[PDB]
Amino acid sequence: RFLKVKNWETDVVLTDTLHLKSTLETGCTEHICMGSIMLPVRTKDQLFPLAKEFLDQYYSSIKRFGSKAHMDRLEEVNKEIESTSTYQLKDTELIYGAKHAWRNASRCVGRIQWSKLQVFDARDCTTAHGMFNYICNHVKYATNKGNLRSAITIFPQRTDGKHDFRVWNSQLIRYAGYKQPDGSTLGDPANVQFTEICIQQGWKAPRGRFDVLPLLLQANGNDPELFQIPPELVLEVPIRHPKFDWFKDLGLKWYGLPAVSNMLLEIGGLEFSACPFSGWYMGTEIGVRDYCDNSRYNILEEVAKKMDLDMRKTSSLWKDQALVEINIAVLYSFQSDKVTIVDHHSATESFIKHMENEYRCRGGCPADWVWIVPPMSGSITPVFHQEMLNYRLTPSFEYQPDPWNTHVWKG
Amino acid sequence: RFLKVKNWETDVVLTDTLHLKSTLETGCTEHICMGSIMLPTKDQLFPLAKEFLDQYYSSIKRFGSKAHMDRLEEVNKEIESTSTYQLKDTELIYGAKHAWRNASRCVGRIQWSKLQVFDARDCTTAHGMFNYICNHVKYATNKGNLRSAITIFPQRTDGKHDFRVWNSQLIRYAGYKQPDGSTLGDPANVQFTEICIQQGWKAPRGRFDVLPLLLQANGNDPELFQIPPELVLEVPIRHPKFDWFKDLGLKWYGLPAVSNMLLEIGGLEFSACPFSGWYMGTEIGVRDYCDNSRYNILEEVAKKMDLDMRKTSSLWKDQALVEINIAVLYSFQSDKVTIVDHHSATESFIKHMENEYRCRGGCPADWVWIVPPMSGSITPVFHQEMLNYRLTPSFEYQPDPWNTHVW
Ligand code: HEM
Ligand code: HEM
Ligand SMILES: N=C(Nc1cccc(CNCCc2cccc(F)c2)c1)c1cccs1
Ligand SMILES: N=C(Nc1cccc(CNCCc2cccc(F)c2)c1)c1cccs1
Ligand SMILES: C[C@H](O)[C@H](O)[C@H]1CNc2nc(N)[nH]c(=O)c2N1
Ligand SMILES: C[C@H](O)[C@H](O)[C@H]1CNc2nc(N)[nH]c(=O)c2N1
Ligand SMILES: OC[C@@H](O)[C@@H](O)[C@H](O)[C@H](O)CO
Ligand SMILES: OC[C@@H](O)[C@@H](O)[C@H](O)[C@H](O)CO
Ligand SMILES: OC[C@@H](O)[C@@H](O)[C@H](O)[C@H](O)CO
Ligand SMILES: [Zn+2]
C-alpha cells in the first residue's frame, strides 16, 4: 500500500511505503487518535525474530543481503540465543543500530544529522566509577570547546532485568531545583524530586539557581552512586541581549551540551537501558520551554516588566513580545560564545529537506507533528504546513520508567 | 477503555468515557497515526435517526418516556414511507448546537450553547438564499458586537437537488493571478474568483475585493449576488505604536462565516449551513497575513521595522509576526468589533474542557488545530493532552461544488 502526505504551503505531495515495515504500535485506533498523548525480560521465542529482522536490515544496508557472511551471522546469533539466551552485537551492528534509532526517532527535528554520530562502546563497563569515567569522556568529546559533536555512549544491555545499568539523571547536565518551605522553588522546578534523591544519597547542595546536579550512576543493578562532573568539563553560556543591556542582570545562564540519559535503546530485541546521547540545542528549547514554561524558570513577567510592556491585558501580546526577545538573547549568546546552536527557522527548514530526501531514498520518514513543530511561531516555520505520518520503526529510543520507582535497594 | 488525559503544566488528570460513544472513524490505525493530515438509503437511516433521538430525549430528561417512544415510531413510520424524515424545530436547534459542541478542531466551543439558529428549510430559490444570508450577516454582525448564528437550508434529498453556497466563507477577498506572475489580493481564492468572473461577475481587480455570493438552490445552476456593502463590517489595520503601519493599506472583515461545510444531524445532511462566530486574532494576523501562500506580508513589515533580515537567527520574522498580531487586535478593539486573543481563547477552552469532562465525560479535541499558530507553548492548550474522536451531530468537509455540479 501507499500513503500520501501533502505540504499545504507548496502543494508538494510525497508517497510513503516505509510505513509497511513498521512493527510497534501507535496507541491510536480507527476510533480514537492518541497523537497528543505524551507517553506511548524477553523469551528466546520473541528474541530470534527480532534479531533476524535487524540483521536482515543491517545486511541489506551494506549490500550483503543473503551473502555467506549474512547467513553465517544469522546462524551464529541463533546458536548464541538458544545456548546463552541472548546475544552480543558486533561493533559495526551496534554503530548501525544506534544511528538507525536516531534516524527512526519520529519526534526529532534534528535528524538531518543522523548519519554523523560518534558511538562510544561502553559494554565492557562494570562499575559506577567506570560509568563516571565513560560519561566524562563523552562530555569532553561532545563539548569539543563549543564546536559540539553528536555522540552516544552505550553501556551493557539488559540481562535478567535485575542487573540493569542506568543513569538516574534525566540529562547528564541539568540544574538542581529546591522546594522551599514557603512553597516557591529555587532553581529548576522540573528537577526537584531528583535533586531530593541526590541530597538523600549524600550530595551537598549549593542551593542556588543554577547548580549543576551530580551524576547518579547505577551499574549492574547495584545501588546508584554519586559523582560530580568536573566543572572544567561543563561548558555554560551567560545569557545577554544584543540591544537590551539590562538583560544580563537577570542572572541567566544555560549549559551548552544537551545530553539525554534516561531513554532505552532497543536494537534487534536487545535493550540498552543506559545509553546517554547528546547533540546540540535548538534555541527554543531553552528560550521558550526552559525559561518560559510556567512550571520551569517562568521568566516572562520579569522580562516584560523590564521591557515596560503593557501588562494589564493579554491582548497587548506582552508575553509574545517578551518571548521573542528572550529567544533572540539565547541565540545571540550561544553564537557570541561560539557554542553550537540552531534557530527554529534553520532547524525546521533543514528538517523538511531531510524528510523529502528520506521519502526519495528510504520510502518514508516517520514524524510526530505535535513534537516537530516548534513551541513558538509555529506557522511561520515550514513544518507547520507539512503533513506527516507517525509510525514506529526499530531500532528505536523508548521511554522507560524513572529507576527510583523500580529499583530494589540493596542498602 | 476508560482513558486518561494529563495536563503537563498543572498535573490535573481527567478521565474520558465519552469516546466510547464515538461512531465515525479517525484515519488512524494501531500502526499509523494520521493526526496531522488535513482531510482524513433507507436502511442506513433509521439507526442514525434512533441514535440521535435517543440522545435528544436523554438531554431533556425524557429518555424512554411515551413522548420518546412515540417520536421514534413516527420517524420510523416516515422513513419507511418517504425514505427520509423531517426534524422538529427543537431537534434541529439541538442538533446544530451539538454539531458545534462536537467540533474537535474548534477552540471557541465554551460558547456552544449560545447559537442562534435560523431555520431556512422553507427556502426554494437563490434569491431566497441571498435574503436569508443577508439577514444572517446583519444579525450576526450586530454593529460590531458579534453574535454566533447558523442558517440552515433544506436537507439533501436524492443528491441531485443540493443547496450549496459555493463560497468557502460568506465574506472573503478575491484573488487574481496576474500577467506579472504575481497574485493580487488573496491567493487562496484565485480559483473561486475566476469562477465568479466566468459566471459574469465584474471584478474590480483590487487587493481586497469582497467576493460576491454564488448561491445554488435545489441543485440548480448557481447565481451571483453582491452583499450590500453596508452589511460588510470591515476594519482598517493600524498599530498602537507604529504610525507607518496604516500605510501598508491593510484591512480585514469582522465576520468570519464558514459556508462550505456539511451539517449532519440524525443521518440527515444539510449541505448549505453557513455559520459564523468571531475571530481569534491569530487567524488574521498569523495565517491570513503571514502564510507564504496568503497575503505573505512578513517581508514588507520587517522592512518598515528596519530589522536585520540578514540572518534567520535574528528572529526578524518572529518580531514582525508579533507586531502584526498586536495591530490586528488593537484595530478590532479600537473599532469595537468583537475579537479574541489566543491567550484568552485557549484559557477559555481549558475551562470548557474541564466543564465537558465534568458534565459529559469528555471533550473531543484535535491538538494540531487547537494550539494557536504562534506562541504555542505559552498557551495552556499546548500542555494539555487531548483525545480526538468523531461524535455526531457533526460538521463535515465536502467536495467543492464546481467539481461535482453538472451544469
Ligand atoms: C544534532 C542536533 C540535534 C537537535 C538540534 C535535535 C533536536 C531535537 C529536539 C528539539 C527534540 C525535542 C526535545 C524536547 O522538546 O523535549 C528532539 C527529540 C529527540 N531527538 Fe533530537 N536533536 C538532535 C540530535 C539527536 C541525537 C544525537 C539523538 C540520539 C542519537 C536524538 C534523538 C532524539 C530523540 C529520541 C528525541 C525524542 C525524545 C522524546 O520522545 O521524549 N536527537 N530532537
Ligand atoms: C464564537 C467564536 C468562535 C471562535 C473564536 C472559534 C474559533 C475557531 C478557530 C480559531 C478555528 C480554527 C479555524 C482555522 O484555523 O481554519 C475553529 C474551527 C472550527 N469551529 Fe469554531 N469558533 C467559534 C465559533 C464557532 C461556531 C459558531 C461554529 C459552528 C456553529 C464553529 C465550528 C467550528 C468548526 C466546525 C471548526 C473546524 C473547521 C475544520 O475542521 O476545518 N465554531 N473555531
Ligand atoms: N537538543 C536536544 N534536545 C532534546 C532531545 C531529546 C529529548 C530532550 C528532552 N525531552 C524532554 C521530554 C519531557 C520530559 C519530562 C516532562 C516533559 F513534559 C517532557 C531534549 C538533544 C538532547 C540530546 C541530543 S539532541
Ligand atoms: N473564527 C472562525 N474561524 C474559522 C472557523 C472554522 C473554519 C474556518 C475556516 N477554515 C479553513 C481551513 C482550511 C480548509 C482547506 C484548506 C486550508 F488550507 C484551510 C475559520 C469562525 C468561522 C465561523 C464561526 S467561528
Ligand atoms: C500534551 C502535549 O502532547 C505535550 O505538551 C507536548 C506537545 N509538544 C511537544 N513538543 C516538544 N518538542 N516537546 C514537548 O515536551 C512537547 N510537549
Ligand atoms: C499539515 C497540518 O495538519 C496543517 O498545516 C494544519 C496544522 N494545524 C492547523 N490548525 C488550524 N487551527 N488551522 C489550520 O489550518 C491548520 N493547519
Ligand atoms: O525531578 C525528576 C525529573 O527530572 C524526572 O522525573 C524527569 O521528568 C523524567 O526523567 C523524564 O524526563
Ligand atoms: O519540563 C517540560 C519542558 O519545559 C522540558 O522538557 C523542555 O522542553 C526541555 O528541557 C527542552 O530541552
Ligand atoms: O489558506 C490556509 C490558511 O491560511 C487559512 O485557511 C486561514 O488559516 C483561515 O483563513 C483563518 O480563518
Ligand atoms: Zn492518531
# chains A, B, ... in the order shown; residues from 1 in each chain; ligands from 1
$ residues_near_ligand --ligand "ligand 4" --cutoff "6 Å" --atoms "only C-alpha atoms and all ligand atoms" --output "MDAnalysis selection string"
chainID B and resid 256:258 275:280
$ residues_near_ligand --ligand "ligand 5" --cutoff "10 Å" --atoms "only C-alpha atoms and all ligand atoms" --output "PyMOL selection string"
(chain A and resi 34-39+107-109+284-285+289+368-375) or (chain B and resi 5-9+367-368+371+376-377+380-386)
$ closest_residue --among "B:260, B:178, B:404, B:26" --to "chain A" --atoms "only C-alpha atoms"
B:26
$ residues_around --residues "stretch 199-209 of chain A" --least-positions-apart "5" --cutoff "8 Å" --atoms "only C-alpha atoms" --output "number ranges by chain"
A: 175-178, 186-188, 214, 226
$ select_by_dssp --residues "stretch 46-248 of chain B" --states "alpha helix (DSSP H)" --output "count of residues only"
70
$ interface_residues --of "chain A" --to "chain B" --cutoff "7 Å" --atoms "only C-alpha atoms" --output "number ranges by chain"
A: 9, 22, 25-37, 293, 295, 314-317, 320-321, 324, 328, 331, 343, 345-346, 369-370, 375-380, 387-391
$ residues_around --residues "residue A:42" --least-positions-apart "2" --cutoff "10 Å" --atoms "only C-alpha atoms" --output "number ranges by chain"
A: 44-47, 85-86, 158-161, 269-271
$ closest_residue --among "A:325, A:16, A:225, A:358" --to "residue A:128" --atoms "only C-alpha atoms"
A:225
$ residues_around --residues "stretch 122-124 of chain A" --least-positions-apart "6" --cutoff "10 Å" --atoms "only C-alpha atoms" --output "PyMOL selection string"
chain A and resi 88+130-131+134-135+152-157+272+274-275
$ residues_around --residues "stretch 57-60 of chain B" --least-positions-apart "6" --cutoff "12 Å" --atoms "only C-alpha atoms" --output "number ranges by chain"
B: 50-51, 66-72, 90-91, 94-95, 98, 359-360
$ write_last_selection --atoms "N, CA, C and O atoms" --output "PDB file, in the first residue's frame"
ATOM      1  N   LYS B  50     -32.439   6.993  15.220  1.00  0.00           N
ATOM      2  CA  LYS B  50     -32.676   6.475  16.578  1.00  0.00           C
ATOM      3  C   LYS B  50     -31.599   6.931  17.548  1.00  0.00           C
ATOM      4  O   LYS B  50     -31.913   7.420  18.632  1.00  0.00           O
ATOM      5  N   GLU B  51     -30.338   6.776  17.151  1.00  0.00           N
ATOM      6  CA  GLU B  51     -29.198   7.205  17.949  1.00  0.00           C
ATOM      7  C   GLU B  51     -29.371   8.694  18.319  1.00  0.00           C
ATOM      8  O   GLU B  51     -29.231   9.098  19.483  1.00  0.00           O
ATOM      9  N   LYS B  66     -43.151   8.121  27.002  1.00  0.00           N
ATOM     10  CA  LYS B  66     -44.074   7.928  25.883  1.00  0.00           C
ATOM     11  C   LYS B  66     -43.793   8.898  24.738  1.00  0.00           C
ATOM     12  O   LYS B  66     -43.816   8.480  23.587  1.00  0.00           O
ATOM     13  N   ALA B  67     -43.515  10.170  25.049  1.00  0.00           N
ATOM     14  CA  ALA B  67     -43.098  11.158  24.037  1.00  0.00           C
ATOM     15  C   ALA B  67     -41.886  10.664  23.231  1.00  0.00           C
ATOM     16  O   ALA B  67     -41.839  10.810  22.006  1.00  0.00           O
ATOM     17  N   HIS B  68     -40.914  10.072  23.929  1.00  0.00           N
ATOM     18  CA  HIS B  68     -39.734   9.488  23.279  1.00  0.00           C
ATOM     19  C   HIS B  68     -40.130   8.353  22.325  1.00  0.00           C
ATOM     20  O   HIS B  68     -39.839   8.418  21.127  1.00  0.00           O
ATOM     21  N   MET B  69     -40.813   7.337  22.857  1.00  0.00           N
ATOM     22  CA  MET B  69     -41.216   6.167  22.067  1.00  0.00           C
ATOM     23  C   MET B  69     -42.096   6.551  20.872  1.00  0.00           C
ATOM     24  O   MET B  69     -41.912   6.040  19.759  1.00  0.00           O
ATOM     25  N   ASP B  70     -43.022   7.477  21.107  1.00  0.00           N
ATOM     26  CA  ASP B  70     -43.920   7.979  20.068  1.00  0.00           C
ATOM     27  C   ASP B  70     -43.163   8.604  18.897  1.00  0.00           C
ATOM     28  O   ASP B  70     -43.459   8.296  17.742  1.00  0.00           O
ATOM     29  N   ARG B  71     -42.195   9.478  19.189  1.00  0.00           N
ATOM     30  CA  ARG B  71     -41.426  10.143  18.126  1.00  0.00           C
ATOM     31  C   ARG B  71     -40.561   9.152  17.327  1.00  0.00           C
ATOM     32  O   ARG B  71     -40.473   9.239  16.097  1.00  0.00           O
ATOM     33  N   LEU B  72     -39.939   8.206  18.027  1.00  0.00           N
ATOM     34  CA  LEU B  72     -39.162   7.149  17.390  1.00  0.00           C
ATOM     35  C   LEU B  72     -40.049   6.406  16.373  1.00  0.00           C
ATOM     36  O   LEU B  72     -39.673   6.223  15.208  1.00  0.00           O
ATOM     37  N   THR B  90     -37.162  21.984  17.574  1.00  0.00           N
ATOM     38  CA  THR B  90     -36.377  21.716  18.777  1.00  0.00           C
ATOM     39  C   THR B  90     -35.187  20.765  18.530  1.00  0.00           C
ATOM     40  O   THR B  90     -34.069  21.004  19.010  1.00  0.00           O
ATOM     41  N   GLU B  91     -35.425  19.713  17.755  1.00  0.00           N
ATOM     42  CA  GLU B  91     -34.382  18.759  17.379  1.00  0.00           C
ATOM     43  C   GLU B  91     -33.310  19.383  16.484  1.00  0.00           C
ATOM     44  O   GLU B  91     -32.124  19.076  16.626  1.00  0.00           O
ATOM     45  N   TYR B  94     -31.153  21.694  18.658  1.00  0.00           N
ATOM     46  CA  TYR B  94     -30.315  20.837  19.487  1.00  0.00           C
ATOM     47  C   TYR B  94     -29.158  20.254  18.667  1.00  0.00           C
ATOM     48  O   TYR B  94     -28.002  20.219  19.125  1.00  0.00           O
ATOM     49  N   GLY B  95     -29.478  19.803  17.458  1.00  0.00           N
ATOM     50  CA  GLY B  95     -28.506  19.144  16.591  1.00  0.00           C
ATOM     51  C   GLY B  95     -27.435  20.096  16.086  1.00  0.00           C
ATOM     52  O   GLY B  95     -26.245  19.730  16.030  1.00  0.00           O
ATOM     53  N   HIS B  98     -25.145  20.921  18.927  1.00  0.00           N
ATOM     54  CA  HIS B  98     -24.308  19.785  19.210  1.00  0.00           C
ATOM     55  C   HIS B  98     -23.254  19.507  18.139  1.00  0.00           C
ATOM     56  O   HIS B  98     -22.161  19.024  18.466  1.00  0.00           O
ATOM     57  N   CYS B 359     -19.163  17.349  33.095  1.00  0.00           N
ATOM     58  CA  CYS B 359     -20.600  17.260  32.856  1.00  0.00           C
ATOM     59  C   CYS B 359     -21.016  16.251  31.784  1.00  0.00           C
ATOM     60  O   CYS B 359     -22.158  15.821  31.754  1.00  0.00           O
ATOM     61  N   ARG B 360     -20.081  15.841  30.938  1.00  0.00           N
ATOM     62  CA  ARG B 360     -20.414  14.991  29.791  1.00  0.00           C
ATOM     63  C   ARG B 360     -19.510  13.761  29.661  1.00  0.00           C
ATOM     64  O   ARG B 360     -19.757  12.895  28.820  1.00  0.00           O
TER      65      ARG B 360
END
$ atom_distance --atom1 "atom CA of residue A:242" --atom2 "atom CA of residue B:301"
21.1 Å
$ residues_near_ligand --ligand "ligand 7" --cutoff "8 Å" --atoms "only C-alpha atoms and all ligand atoms" --output "ChimeraX atom specification"
/A:168-171,177,189-195,262,401-402
$ select_by_dssp --residues "stretch 65-130 of chain A" --states "strand (DSSP E)" --output "count of residues only"
4
$ residues_near_ligand --ligand "ligand 2" --cutoff "7 Å" --atoms "only C-alpha atoms and all ligand atoms" --output "number ranges by chain"
B: 96-97, 100, 103, 105-109, 111-112, 115, 148-150, 275-280, 283, 340, 345, 369, 395
$ residues_near_ligand --ligand "ligand 1" --cutoff "7 Å" --atoms "only C-alpha atoms and all ligand atoms" --output "PyMOL selection string"
chain A and resi 98-99+102+105+107-111+113-114+117+150-152+277-282+285+342+347+371+397
$ residues_around --residues "residue B:354" --least-positions-apart "5" --cutoff "9 Å" --atoms "only C-alpha atoms" --output "mmCIF file with N, CA, C and O atoms, in the first residue's frame"
data_model
loop_
_atom_site.group_PDB
_atom_site.id
_atom_site.type_symbol
_atom_site.label_atom_id
_atom_site.label_comp_id
_atom_site.auth_asym_id
_atom_site.auth_seq_id
_atom_site.Cartn_x
_atom_site.Cartn_y
_atom_site.Cartn_z
ATOM 1 N N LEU B 14 -7.742 14.158 33.717
ATOM 2 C CA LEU B 14 -9.175 13.950 33.528
ATOM 3 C C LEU B 14 -9.402 12.566 32.921
ATOM 4 O O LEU B 14 -8.495 12.006 32.280
ATOM 5 N N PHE B 349 -10.916 27.649 26.487
ATOM 6 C CA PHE B 349 -11.050 26.274 26.048
ATOM 7 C C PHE B 349 -10.659 25.273 27.161
ATOM 8 O O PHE B 349 -11.360 24.264 27.366
ATOM 9 N N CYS B 359 -19.163 17.349 33.095
ATOM 10 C CA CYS B 359 -20.600 17.260 32.856
ATOM 11 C C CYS B 359 -21.016 16.251 31.784
ATOM 12 O O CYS B 359 -22.158 15.821 31.754
ATOM 13 N N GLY B 362 -16.267 13.881 28.721
ATOM 14 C CA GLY B 362 -15.166 14.097 27.789
ATOM 15 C C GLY B 362 -15.388 15.256 26.861
ATOM 16 O O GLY B 362 -16.438 15.916 26.912
ATOM 17 N N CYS B 363 -14.384 15.501 26.013
ATOM 18 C CA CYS B 363 -14.441 16.567 25.018
ATOM 19 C C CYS B 363 -13.460 16.250 23.881
ATOM 20 O O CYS B 363 -12.248 16.389 24.043
#
$ closest_residue --among "A:258, A:411, A:403, A:66" --to "ligand 3" --atoms "only C-alpha atoms and all ligand atoms"
A:258
